[PDB]
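Data block below; observations after.
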Amino acid sequence: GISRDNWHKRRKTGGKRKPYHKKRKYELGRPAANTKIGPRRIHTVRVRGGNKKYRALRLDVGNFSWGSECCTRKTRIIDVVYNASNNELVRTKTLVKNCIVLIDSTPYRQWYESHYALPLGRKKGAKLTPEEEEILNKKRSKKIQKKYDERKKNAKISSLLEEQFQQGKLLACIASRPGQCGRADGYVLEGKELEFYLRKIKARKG
Amino acid sequence: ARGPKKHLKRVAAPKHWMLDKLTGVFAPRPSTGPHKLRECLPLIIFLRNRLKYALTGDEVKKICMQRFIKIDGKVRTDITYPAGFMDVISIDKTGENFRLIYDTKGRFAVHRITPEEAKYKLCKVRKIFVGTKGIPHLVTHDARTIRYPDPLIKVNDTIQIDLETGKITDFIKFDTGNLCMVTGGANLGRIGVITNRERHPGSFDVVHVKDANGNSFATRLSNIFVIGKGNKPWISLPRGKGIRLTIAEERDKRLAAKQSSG
Amino acid sequence: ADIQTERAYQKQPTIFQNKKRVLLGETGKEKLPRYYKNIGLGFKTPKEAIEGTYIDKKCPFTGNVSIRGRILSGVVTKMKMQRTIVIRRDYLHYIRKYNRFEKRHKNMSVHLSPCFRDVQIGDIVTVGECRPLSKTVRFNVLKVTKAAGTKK
RNA sequence: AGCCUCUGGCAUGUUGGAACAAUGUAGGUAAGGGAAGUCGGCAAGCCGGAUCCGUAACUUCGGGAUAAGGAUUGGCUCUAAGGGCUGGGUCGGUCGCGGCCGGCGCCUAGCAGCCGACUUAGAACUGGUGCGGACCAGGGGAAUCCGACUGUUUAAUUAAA
RNA sequence: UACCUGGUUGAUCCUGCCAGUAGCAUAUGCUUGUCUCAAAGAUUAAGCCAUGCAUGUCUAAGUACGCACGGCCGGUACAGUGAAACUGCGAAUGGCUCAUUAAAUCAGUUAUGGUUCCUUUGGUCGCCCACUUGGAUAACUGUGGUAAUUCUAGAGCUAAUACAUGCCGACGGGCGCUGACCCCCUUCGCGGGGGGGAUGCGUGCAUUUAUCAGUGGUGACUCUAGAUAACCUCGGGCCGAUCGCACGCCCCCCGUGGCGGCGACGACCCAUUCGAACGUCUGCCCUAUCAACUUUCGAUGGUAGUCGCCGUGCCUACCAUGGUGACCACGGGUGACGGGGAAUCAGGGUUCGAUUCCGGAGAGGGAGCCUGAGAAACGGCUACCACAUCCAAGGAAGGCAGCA
RNA sequence: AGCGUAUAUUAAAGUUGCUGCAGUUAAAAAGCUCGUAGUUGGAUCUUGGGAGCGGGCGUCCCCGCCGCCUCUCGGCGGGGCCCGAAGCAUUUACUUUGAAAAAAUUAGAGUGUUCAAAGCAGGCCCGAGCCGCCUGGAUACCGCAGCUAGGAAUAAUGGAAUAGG
RNA sequence: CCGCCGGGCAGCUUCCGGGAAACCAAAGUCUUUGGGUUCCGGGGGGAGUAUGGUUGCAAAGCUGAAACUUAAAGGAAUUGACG
RNA sequence: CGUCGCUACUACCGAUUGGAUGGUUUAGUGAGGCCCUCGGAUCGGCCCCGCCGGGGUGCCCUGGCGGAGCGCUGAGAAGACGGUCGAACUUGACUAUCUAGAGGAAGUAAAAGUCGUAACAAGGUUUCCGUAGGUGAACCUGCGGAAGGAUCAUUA
Ligand SMILES: [Mg+2]
Ligand SMILES: [Mg+2]
Ligand SMILES: [Mg+2]
Ligand SMILES: [Mg+2]
Ligand SMILES: [Mg+2]
Ligand SMILES: [Mg+2]
Ligand SMILES: [Mg+2]
Ligand SMILES: [Mg+2]
Ligand SMILES: [Mg+2]
Ligand SMILES: [Mg+2]
Ligand SMILES: [Mg+2]
Ligand SMILES: [Mg+2]
Ligand SMILES: [Mg+2]
Ligand SMILES: [Mg+2]
Ligand SMILES: [Mg+2]
Ligand SMILES: [Mg+2]
Ligand SMILES: [Mg+2]
Ligand SMILES: [Mg+2]
Ligand SMILES: [Mg+2]
Ligand SMILES: [Mg+2]
Ligand SMILES: [Mg+2]
Ligand SMILES: [Mg+2]
Ligand SMILES: [Mg+2]
Ligand SMILES: [Mg+2]
Ligand SMILES: [Mg+2]
Ligand SMILES: [Mg+2]
Ligand SMILES: [Mg+2]
């Protein structure tokens, strides 16, 4: 099949290696996952060792995190943005390690709105007034008010994130191998990271 | 090759299950075990080749599957189960129980011990582990791991293991001044107190060793397994006591014992 | 400037960098806390490793590589690649017949971390055997000494 | 270039109507074979544009030479790659958004916005393998004879040596 | 044993060769009383092959209801030998040969902190079916084809450690964060301090991702270990909670509940053992009538990726424009599988090493494949090519470089 | 009891010459010169001397000593004591000692195989009442490269000079 | 004219020592074998041929094989003997 | 010594886009596997009803016999779209090796034919090198060389 060997290609100088053996079950290459975004679809593979390998071909959701806040709700991966390697993998919406992806904000919103109890985006008073104060309005007080006033200033977000939550989509980057692992795990692009990738996107579209 | 190799040619067979060129093509091959193939004694060689207890291979088959032979007090039916530095090998219907100490030439003895001294046993240590939840692990040279060791046991030291329990009972750090048998190379089954070791980064470390008579061999660390606090080996030694006599001396001393002996 | 030039973002992993809701400007003064290591065998992890703004995974003074085996030296002959040079190891291979030697050499491509500045050709350089790092390159430069010959 | 069209020009090149015979003169097309054809491949067709690949003997070392021999080529949706033009002297003072002074700045790695021709490369998708689809458009090779090459010549039968 | 003798010339001394000499290495020429050791179709043709064989396996311990035979004896399911069949292993070693292969095999040396590992050893294993739930095939029984094969049609049964499933367990008990809340001290009250909290959600050995802190271990952690947040590779993680033969017991106690030895398969974390693998440094035959090679068909490198077991131009994309060379590359050749050795030999070499020991490769040739820990496996198969058998002309079966 | 010829190959070959050939005439030194790789390259740098022990009042052979630095580093409220670290052996080349070197082969210990090629056993103790003793399965080499430790004879190589320790 | 000195062209002479010999201050320092280094020969012919490459306008130049055949060809000196 | 004469053997040149095998491969075509996307012989299970029976509180839990939605997950063959390694086949290129060949020209054998007589003696013309030109053949002649001479001198 589709081997992985130093056995065939030229030497440093530029002489052509002769063969040696046949291809052995060894220098074995399987074809790619080039995993998409759809309802979940993963085949197992039997590999060397015994052991197994979770090659994702359709993949919808990721277990993937704030840096700073120190959480990681499991969230839908909405859509691929740019992938530094190559610009088919964007268009085809192929998730691979260090793809930049849009995701659902919603599960991250909904634990400030537990924890520090201060909103995101900006709104007039439609969702906020029935439900945030349903998270707030205390009849315990004293201990708790002290507690998420100790969760002080620093229920704070960078403008760059604050923005995205209007939209209900966050920029994140894959750090697992969908084809090897079986998942599309990652971090949220946060702070410095977050600033090319916007400026890449902006400069790319023009 | 394709798989792993389940076979051993006589000749290729190491120098000490002491086999001869005629009589066969193959040698016995240690079945996989705790001890490395090259530093073994497959039980089979004791019986027919060392003790002349059996004669053939089938004679030995009929021995071990009566279930007499107990390699460290745990009964083996494998004719080719590997023994190696620091084992026991109790026969029980006989009451002999040997070790497996190597001679001064490095070729595993027929050295009988008491019924006592078949409980205590020695083992060098290969690593500290820290397994999980902070439960620390040893790895003895005979591939026992032993959980829950005294934290002062470090690497290359030896342990005075029991047997029926497993467990540990008191021990010898690897300082200067303690007693060493050598378990690899040339100075092999030769015995003496240390002196001084030479730490090198990267390449493995050298150990200078002085003996009774005053002959300094050195060795790589990974061959030295220790046997006492200093001029007091806890085990019984083989006759000769890993002193090693120059062929000149050995020749004459053997021959000088002769004539005067009667 | 300088650092993030390529396409993907280049960052020392095992430093997560952001958390800040306090005064004292914005971020620290080092700003990014820099992951570096001591390598071993006593070679001083140089100043520009620790000081440096820079980033190369294949540098042992600022990234994931282990040095672990055979330490050699050679001379720098070409610096026309980027983060790699070519060194040239000279010797006498001995014939026994002809009771004499002949000069030989096996030039050897080798990683050169850009911490390690002001290198030139005709430059004595010491190298560690590394992980098989590219196709040819298994070695990584550890201490340049510029020594024999010429000037400061 | 060819071929289709506006401006401008005609009204089919001294007649018309009706059929579609043979011979013709102009055009076309043929199963299988494929020069067997004649003095001879006489006419025609093969080739044909571009991009990519590729290239002989021989030599006057220029050539040969588009040698030879191959691949690709549509529509569509993309991507990538090729440029101009303007903008910091901000801070303080003072003078009338403007100037002047003085000070800091000094993108001197630039970045920001605003413009505008064109090209080229690559990737999907896609169509009964169609794509230089109309037209434009070198058949090739191995030899010998002659004449170094360009040119010229018998206006109305010889263009060649 | 450091070694020589014949031959050019009417005669001489040389250069120089020819010819002798001995061993070794292979031909066969003749002869052959004894006895001990002992090589053998390698060179040519990895050419071809008739036939005969070279790889099966049962303890007590995975199923056994063949009537096979007894038992010894039954009715209670067993009992005990036991032909078949499923299942688990092996078949991945060995054996053969050297076609290829010139830094390629391979030696020594080092690395794996750039990895996998059946087995053995050592360990480690408590979150309403468990008093085991379901279901389905082989032998077996019967009815079937085909000319023919180690070809099956089809109807009944019936097992399991084969295939699925999935429960007691543990403590409405304990500890992480949430907490309906509550009390006391202090305060004008806000507030400050001390407390205590029903009820939620969590309630892990492994997984992947994210973060945090700095018991033990190295020259060498970006390691082990620990803390927080998550997920489920999900049927295709594991254990989690697995099944046989010996059948031997004790109960503040009468029949239950506890207990005993053996095995088998699990397995997760792990170690270990046989390894396997891919790297380091340094090491080879001839040839210039081979001087430049290498590079959008990866050449060398950077970045980011895919694939794998893993680092890696293993592959893709985008960048750079590199790397080798007369210390002879690059090109060509070999009557080249590589070592360990051999016969020769004053010291130094010279050629041979297909040769039993080690290392490599291939089973007409390539490629791809299943299966498997482990193979790209040839005593498997899939075609093709290259070979070749039987034929009822529809079809079928072919691989000696196992031994003969 | 072997002995013949077939040819490959080694000595013989001081006829491939490193050791170690040859170049007036015998086969043979470019027509001459320049010149990049290569090979090759003067001299010159710690010594005489000291202190002792030991052979042949002193003289003349023969040995351990006067690697330096560090103590910035360990420790076998202020310590020493010096090992632990490194300046590191300028940077090698060189030499010597270790360690590592699969067995078989080889070299070669041991052994009435009846000898020998071989074999690795055998030997013994024993009238067998011992109901059993005793010993082996020696060692050297194992290129180059790699690893370790001594030495500094020679060969390169380095350091202060538009100033620096 | 008579000396000396450096380096030049040369001569004679000799049992240094070389040298098969002729001869040679050097062809000396060589089995008492190696100061440095360049080239280059390995019986004679075939053959400086064929072929290949290259330079040249070309004569040709440079690089440069084999099958085959062949026993001596040759060198230095001795007597001869014939010019 | 050479042409010339005859015979024998080698290799050479040689018109023949001469033939054969091997190795690369440019171009096309491309078996089968492998992956991906579909598919869906079928086979269930879940279920929904009709009727009936046993157990429980018209309803539920089991059982029996019928029917139907074939609702919705599972398994799931044949098959098909794509992609990847890729033997194989077809046409070019190179290089390797090996050979067929009308006729032409050397050498050698080799060794006793004819015509001379080039060389060795002052070889009758000192010899030889290189170059050139010539010639039946050795050859000859220019020019410049050489002595390996037939003169180490020519007698201020
Ligand atoms: Mg020599
Ligand atoms: Mg008309
Ligand atoms: Mg008109
Ligand atoms: Mg026709
Ligand atoms: Mg005709
Ligand atoms: Mg025409
Ligand atoms: Mg032409
Ligand atoms: Mg003309
Ligand atoms: Mg005319
Ligand atoms: Mg003689
Ligand atoms: Mg004679
Ligand atoms: Mg001879
Ligand atoms: Mg094998
Ligand atoms: Mg291992
Ligand atoms: Mg050949
Ligand atoms: Mg065959
Ligand atoms: Mg194979
Ligand atoms: Mg195969
Ligand atoms: Mg076979
Ligand atoms: Mg010879
Ligand atoms: Mg000799
Ligand atoms: Mg000679
Ligand atoms: Mg001269
Ligand atoms: Mg001479
Ligand atoms: Mg000499
Ligand atoms: Mg010759
Ligand atoms: Mg002459």
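Nothing in this text is a laboratory measurement; each read-out follows from the coordinates by a stated rule. In this analysis, Cβ positions are derived from the backbone assuming ideal geometry, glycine residues included, and neighbour counts consider all displayed protein chains.
Numbers at a glance
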{"item": "Descending semi-axes in whole angstrom, ellipsoid equivalent of the range B:116-251, from the Cα gyration tensor", "result": "28, 18, 12"}
{"item": "Net charge over other residues, Cβ less than 10 angstrom from the Cβ of A:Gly67 (K, R count +1; D, E count -1)", "result": "-2"}
{"item": "Kirkwood Rh, Cα atoms: Rg over Rh of the protein assembly as shown", "result": "1.07"}
{"item": "Which of A:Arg17, B:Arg2 has the fewest Cβ neighbours within 10 Å, and the rest in rising order", "result": "B:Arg2, A:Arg17"}
{"item": "Listed peptides B:104-113, B:180-189 by packing density, highest first (mean Cβ within 10 Å)", "result": "B:180-189, B:104-113"}
{"item": "Taking C:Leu23, B:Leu51, B:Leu19 and counting other C-beta atoms within 10 Å, the order from fewest to most", "result": "C:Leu23, B:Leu51, B:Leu19"}
{"item": "For peptides C:86-94, A:78-86, sequence by mean Cβ density within 10 Å, most packed first", "result": "A:78-86, C:86-94"}
{"item": "Fraction of antiparallel bridges per DSSP, chain B only, in percent to nearest 5", "result": "100 percent"}
{"item": "Exposed GluC sites (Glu not before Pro) absent: longest stretch of chain C, with sites in DSSP loops and at most 16 other Cβ within 10 Å deemed exposed", "result": "C:31-152"}
{"item": "Restraint check, A:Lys202/C:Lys80; A:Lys97/A:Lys169; B:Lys52/B:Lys167; A:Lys169/C:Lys57; A:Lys169/A:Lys202, Cα-Cα greater than 23 Å", "result": "A:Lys202/C:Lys80; B:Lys52/B:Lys167; A:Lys169/C:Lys57"}
{"item": "Calculated from backbone phi, Karplus (6.51, -1.76, 1.60) coupling profile of the range B:183-197 in Hz, x at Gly/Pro", "result": "9, x, x, 10, 10, 9, x, 9, 10, x, 6, 6, 3, 6, 10"}
{"item": "Cross-link pairs A:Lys18/C:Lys106; A:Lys52/A:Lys74; A:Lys74/C:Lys58 - those with Cα-Cα distance over 26 Å", "result": "A:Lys74/C:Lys58"}
{"item": "Around A:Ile103: net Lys/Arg minus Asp/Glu count, Cβ-Cβ under 9 Å", "result": "0"}
{"item": "Whole-number Å³ per residue for the convex hull built on Cα positions in chain B", "result": "189 Å³"}
{"item": "Gaussian network model of chain A, Cα within-10 Å springs - most flexible of A:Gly182, A:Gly121, A:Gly49", "result": "A:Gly49"}
{"item": "Listed residues C:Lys37, C:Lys11, C:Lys135, most fluctuating in chain C (Gaussian network, C-alpha, under 10 Å)", "result": "C:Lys135"}
{"item": "Structure-based [θ]222 nm, the protein assembly as shown - -39500 (n - 2.57) summed over DSSP H runs of at least 4, per residue, nearest 500", "result": "-3500 deg cm²/dmol"}
{"item": "Residue with peak Gaussian network fluctuation, chain B [Cα springs, cutoff 10 Å], from B:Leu100, B:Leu41, B:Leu221", "result": "B:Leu221"}
{"item": "Net charge of Cβ neighbours under 11 Å - reference A:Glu134; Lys, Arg +1; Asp, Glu -1", "result": "-3"}
{"item": "Virtual paramagnetic centre 7 Å along Cα→Cβ of C:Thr27, amide N under 14 Å, in the range A:187-206", "result": "A:190-196"}
{"item": "Cα centre as origin, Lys/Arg/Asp/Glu Cβ charges: the range B:121-171 dipole, Debye", "result": "260 debye"}
{"item": "Set A:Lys123/A:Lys205; B:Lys15/B:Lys258; C:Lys11/C:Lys135; B:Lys119/B:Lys253 screened for pairs whose C-alpha atoms are more than 26 Å apart", "result": "A:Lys123/A:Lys205; B:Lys15/B:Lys258; B:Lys119/B:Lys253"}
{"item": "Whole-number D in µm² s⁻¹ for the range A:47-206, Kirkwood Cα-pair radius fed into Stokes-Einstein, 4 °C, 1.567 mPa s", "result": "74 µm²/s"}
{"item": "Kirkwood Rh in Å, taken over all unlike Cα pairs in the range A:106-168", "result": "12.6 Å"}
{"item": "Euclidean distance between Cα centres, the range B:203-228 to the range B:53-83, Å", "result": "34 Å"}
{"item": "The range B:1-144: C-alpha gyration tensor shape, a/c 1.5 cut-off, then a/b vs b/c", "result": "oblate"}
